[PDB]
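Shown here: upload-v4.txt, compact mmCIF, C-alpha atoms.
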```
# COMPACT_ATOMS: atom_id res chain seq x y z
CA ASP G 77 0.00 0.00 0.00
CA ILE G 78 1.03 3.61 -0.60
CA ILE G 79 -0.34 7.04 0.28
CA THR G 80 -2.09 8.58 -2.72
CA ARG G 81 -4.96 11.03 -3.03
CA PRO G 82 -7.08 12.23 -5.95
CA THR G 83 -6.10 15.56 -7.42
CA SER G 84 -8.45 18.52 -7.18
CA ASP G 85 -11.34 18.16 -9.60
CA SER G 86 -10.59 21.45 -11.35
CA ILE G 87 -7.04 20.37 -12.20
CA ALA G 88 -8.17 16.97 -13.46
CA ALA G 89 -10.81 18.53 -15.71
CA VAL G 90 -8.44 20.94 -17.45
CA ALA G 91 -5.72 18.29 -17.67
CA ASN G 92 -8.02 15.80 -19.37
CA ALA G 93 -9.13 18.47 -21.84
CA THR G 94 -5.71 18.72 -23.50
CA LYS G 95 -4.71 15.15 -24.37
CA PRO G 96 -3.95 14.71 -28.08
CA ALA G 97 -3.87 11.26 -29.62
CA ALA G 98 -0.40 9.75 -29.47
CA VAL G 99 -0.77 7.64 -32.63
CA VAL G 100 -2.78 8.78 -35.65
CA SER G 101 -3.39 7.39 -39.14
CA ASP G 102 -1.24 9.40 -41.54
CA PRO G 103 -1.06 8.06 -45.10
CA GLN G 104 2.43 9.55 -45.42
CA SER G 105 5.74 8.48 -43.87
CA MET G 106 8.29 9.27 -46.62
CA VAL Q 1067 16.01 8.39 -37.02
CA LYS Q 1068 15.44 4.70 -37.69
CA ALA Q 1069 17.27 5.20 -40.94
CA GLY Q 1070 20.85 6.28 -40.42
CA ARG Q 1071 20.11 9.91 -41.25
CA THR Q 1072 19.18 11.70 -38.01
CA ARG Q 1073 20.37 11.95 -34.42
CA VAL Q 1074 18.12 13.38 -31.72
CA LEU Q 1075 18.93 14.65 -28.23
CA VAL Q 1076 16.05 14.75 -25.75
CA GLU Q 1077 16.67 17.12 -22.85
CA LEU Q 1078 15.40 15.52 -19.66
CA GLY Q 1079 16.40 16.68 -16.22
CA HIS Q 1080 15.60 13.48 -14.37
CA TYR Q 1081 13.36 10.56 -15.16
CA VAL Q 1082 12.23 7.09 -14.19
CA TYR Q 1083 14.09 4.47 -16.20
CA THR Q 1084 13.37 0.81 -16.86
CA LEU Q 1085 15.54 -1.70 -18.66
CA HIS Q 1086 15.32 -5.09 -20.35
CA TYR Q 1087 17.97 -7.80 -20.43
CA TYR Q 1088 18.42 -9.72 -23.67
CA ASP Q 1089 20.57 -12.58 -24.88
CA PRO Q 1090 23.67 -11.62 -26.89
CA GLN Q 1091 23.17 -14.62 -29.18
CA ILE Q 1092 19.79 -13.42 -30.48
CA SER Q 1093 19.71 -10.83 -33.25
CA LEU Q 1094 16.90 -8.31 -32.93
CA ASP Q 1095 15.76 -4.80 -33.79
CA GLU Q 1096 14.69 -2.77 -30.77
CA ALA Q 1097 12.54 -0.25 -32.64
CA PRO Q 1098 9.21 -1.68 -31.34
CA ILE Q 1099 10.19 -0.97 -27.73
CA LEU Q 1100 10.75 2.71 -28.48
CA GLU Q 1101 7.59 2.95 -30.57
CA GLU Q 1102 5.60 1.52 -27.69
CA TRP Q 1103 7.27 4.02 -25.38
CA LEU Q 1104 6.37 6.84 -27.76
CA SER Q 1105 2.81 5.55 -27.99
CA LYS Q 1106 2.09 6.56 -24.37
CA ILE Q 1107 3.62 10.04 -24.21
CA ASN Q 1108 1.21 12.95 -23.87
CA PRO Q 1109 1.30 16.53 -22.56
CA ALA Q 1110 0.26 15.16 -19.16
CA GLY Q 1111 3.12 12.74 -18.52
CA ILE Q 1112 5.43 10.06 -19.86
CA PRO Q 1113 6.13 6.41 -19.19
CA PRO Q 1114 9.57 5.33 -17.95
CA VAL Q 1115 12.40 5.30 -20.45
CA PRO Q 1116 13.27 1.76 -21.60
CA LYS K 275 -38.43 44.52 -39.31
CA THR K 276 -39.20 45.93 -35.88
CA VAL K 277 -41.39 48.82 -37.06
CA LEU K 278 -43.07 50.16 -40.19
CA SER K 279 -42.79 46.71 -41.73
CA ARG K 280 -45.56 44.56 -40.23
CA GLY K 281 -48.14 44.51 -42.99
CA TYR K 282 -46.53 46.86 -45.48
CA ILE K 283 -43.64 44.98 -47.10
CA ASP K 284 -43.21 41.41 -48.25
CA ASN K 285 -41.71 38.69 -46.08
CA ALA K 286 -38.63 38.67 -48.33
CA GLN K 287 -38.05 42.44 -48.52
CA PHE K 288 -36.87 45.17 -46.19
CA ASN K 289 -38.11 48.73 -46.05
CA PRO K 290 -35.34 50.99 -47.40
CA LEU K 291 -37.14 54.16 -46.31
CA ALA K 292 -37.24 53.19 -42.61
CA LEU K 293 -33.73 51.78 -42.33
CA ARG K 294 -32.44 54.21 -39.71
CA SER K 295 -35.21 53.51 -37.21
CA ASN K 296 -34.96 49.74 -37.54
CA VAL K 297 -31.19 49.84 -37.15
CA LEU K 298 -31.52 52.03 -34.08
CA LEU K 299 -34.02 49.68 -32.48
CA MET K 300 -31.85 46.67 -33.29
CA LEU K 301 -28.86 48.28 -31.61
CA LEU K 302 -31.02 49.14 -28.60
CA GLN K 303 -31.94 45.48 -28.22
CA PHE K 304 -28.28 44.60 -28.64
CA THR K 305 -27.43 46.98 -25.82
CA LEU K 306 -30.15 45.83 -23.44
CA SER K 307 -29.21 42.20 -24.00
CA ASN K 308 -25.72 42.70 -22.54
CA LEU K 309 -26.70 44.37 -19.27
CA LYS K 310 -25.03 41.85 -16.97
CA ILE K 311 -22.40 41.46 -14.28
CA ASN K 312 -19.22 39.65 -15.31
CA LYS K 313 -19.05 37.28 -12.36
CA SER K 314 -15.86 35.54 -11.34
CA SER K 315 -15.36 31.77 -11.42
CA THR K 316 -12.98 29.07 -10.21
CA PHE K 317 -9.44 29.81 -11.32
CA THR K 318 -6.94 26.98 -11.36
CA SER K 319 -3.48 26.09 -12.61
CA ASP K 320 -2.62 23.42 -15.17
CA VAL K 321 -0.03 20.72 -14.55
CA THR K 322 0.19 20.25 -18.30
CA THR K 323 3.42 20.99 -20.13
CA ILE K 324 1.64 23.65 -22.20
```
Write the structure described by the file as structure tokens, please.
Amino acid sequence: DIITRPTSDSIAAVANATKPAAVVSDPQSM
Amino acid sequence: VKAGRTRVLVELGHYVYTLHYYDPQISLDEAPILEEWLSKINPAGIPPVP
Amino acid sequence: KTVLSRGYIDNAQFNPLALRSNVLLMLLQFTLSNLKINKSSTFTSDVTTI
């Protein structure tokens, strides 16, 4: 077990807003 | 980078690192490990460096 | 079509001889619609790299 607590809701909301996809389908890799 | 045409320096102060032990007698390309590592990087955080 | 247009012009036209009055009334509605108090909200910081 370890001590851990949820972050403030406001911070979590804004953080989750800005999360771009790591891998995307690009038809070009040349 | 995978082709021998580019060299990249990533400036990290400190970071969590993990490592894998392989057999010297087995040929392999380690690109998939890095690609997996890249697949989980986002503006919020990063996984440990392999 | 606030005034001088009810049963005088077609549904697809606008009265060119009463333009000033209609514009004035439209602006008045625009003004009255914004009479508010800009209330504060919950400010917070972002742990994101951006």
Residue neighbourhood residue 99 (chain G), 10 Å, all atoms listed in the file, exclusion window fewer than 3 positions, as a PyMOL selection string
(chain G and resi 96+102) or (chain Q and resi 1101+1104-1107)
Determine which residues of chain G sit within 9 Å of chain Q, taking into account only C-alpha atoms, and present them as a list in words.
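Listing them in order of chain and number gives residues 91, 92, 94, 95, 96, 97, 98 and 99 of chain G.
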So how far away is CA of residue 1076 (chain Q) from CA of residue 1103 (chain Q), in Å?
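Interatomic distance, CA of residue 1103 (chain Q) to CA of residue 1076 (chain Q): 13.9 Å.
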Up to 7 Å from chain K, what residues of chain G turn up? Count only C-alpha atoms and give them as a ChimeraX atom specification.
/G:86-87,90-91
Separation of CA of residue 1094 (chain Q) from CA of residue 103 (chain G) in Å
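Rounded to one decimal, the two atoms are 27.2 Å apart.
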Can I get region 78-102 of chain G with N, CA and C atoms filled in, as a short mmCIF file (atom, residue, chain, number, x, y, z; two decimals), in the coordinates of the input?
```cif
data_model
loop_
_atom_site.label_atom_id
_atom_site.label_comp_id
_atom_site.auth_asym_id
_atom_site.auth_seq_id
_atom_site.Cartn_x
_atom_site.Cartn_y
_atom_site.Cartn_z
N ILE G 78 0.32 2.35 -0.52
CA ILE G 78 1.03 3.61 -0.60
C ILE G 78 0.03 4.74 -0.41
N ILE G 79 0.51 5.88 0.08
CA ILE G 79 -0.34 7.04 0.28
C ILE G 79 -0.52 7.75 -1.05
N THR G 80 -1.77 7.87 -1.49
CA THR G 80 -2.09 8.58 -2.72
C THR G 80 -3.49 9.15 -2.60
N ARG G 81 -3.69 10.35 -3.14
CA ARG G 81 -4.96 11.03 -3.03
C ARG G 81 -5.35 11.61 -4.37
N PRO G 82 -6.64 11.64 -4.68
CA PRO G 82 -7.08 12.23 -5.95
C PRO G 82 -6.74 13.70 -6.02
N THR G 83 -6.36 14.15 -7.21
CA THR G 83 -6.10 15.56 -7.42
C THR G 83 -7.40 16.35 -7.40
N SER G 84 -7.29 17.65 -7.16
CA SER G 84 -8.45 18.52 -7.18
C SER G 84 -9.19 18.41 -8.50
N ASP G 85 -10.52 18.41 -8.42
CA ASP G 85 -11.34 18.16 -9.60
C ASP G 85 -11.03 19.16 -10.70
N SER G 86 -10.85 20.43 -10.35
CA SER G 86 -10.59 21.45 -11.35
C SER G 86 -9.35 21.10 -12.17
N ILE G 87 -8.28 20.69 -11.50
CA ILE G 87 -7.04 20.37 -12.20
C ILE G 87 -7.25 19.18 -13.12
N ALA G 88 -7.95 18.15 -12.64
CA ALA G 88 -8.17 16.97 -13.46
C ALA G 88 -8.96 17.33 -14.71
N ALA G 89 -9.98 18.18 -14.57
CA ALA G 89 -10.81 18.53 -15.71
C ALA G 89 -9.98 19.20 -16.80
N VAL G 90 -9.22 20.23 -16.44
CA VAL G 90 -8.44 20.94 -17.45
C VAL G 90 -7.37 20.03 -18.03
N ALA G 91 -6.76 19.19 -17.19
CA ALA G 91 -5.72 18.29 -17.67
C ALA G 91 -6.28 17.33 -18.71
N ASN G 92 -7.44 16.75 -18.43
CA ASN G 92 -8.02 15.80 -19.37
C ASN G 92 -8.47 16.47 -20.66
N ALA G 93 -8.70 17.78 -20.63
CA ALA G 93 -9.13 18.47 -21.84
C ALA G 93 -8.07 18.42 -22.92
N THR G 94 -6.81 18.61 -22.54
CA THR G 94 -5.71 18.72 -23.50
C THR G 94 -4.91 17.43 -23.48
N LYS G 95 -5.37 16.45 -24.26
CA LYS G 95 -4.71 15.15 -24.37
C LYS G 95 -4.80 14.67 -25.81
N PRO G 96 -3.91 15.13 -26.67
CA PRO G 96 -3.95 14.71 -28.08
C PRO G 96 -3.63 13.23 -28.23
N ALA G 97 -4.13 12.66 -29.32
CA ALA G 97 -3.87 11.26 -29.62
C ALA G 97 -2.40 11.04 -29.90
N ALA G 98 -1.82 10.01 -29.29
CA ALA G 98 -0.40 9.75 -29.47
C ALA G 98 -0.11 9.18 -30.85
N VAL G 99 -0.95 8.27 -31.33
CA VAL G 99 -0.77 7.64 -32.63
C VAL G 99 -1.98 7.96 -33.49
N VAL G 100 -1.73 8.39 -34.72
CA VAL G 100 -2.78 8.78 -35.65
C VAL G 100 -2.47 8.17 -37.01
N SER G 101 -3.52 7.99 -37.81
CA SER G 101 -3.39 7.39 -39.14
C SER G 101 -3.00 8.48 -40.13
N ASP G 102 -1.73 8.50 -40.51
CA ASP G 102 -1.24 9.40 -41.54
C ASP G 102 -0.85 8.58 -42.75
#
```
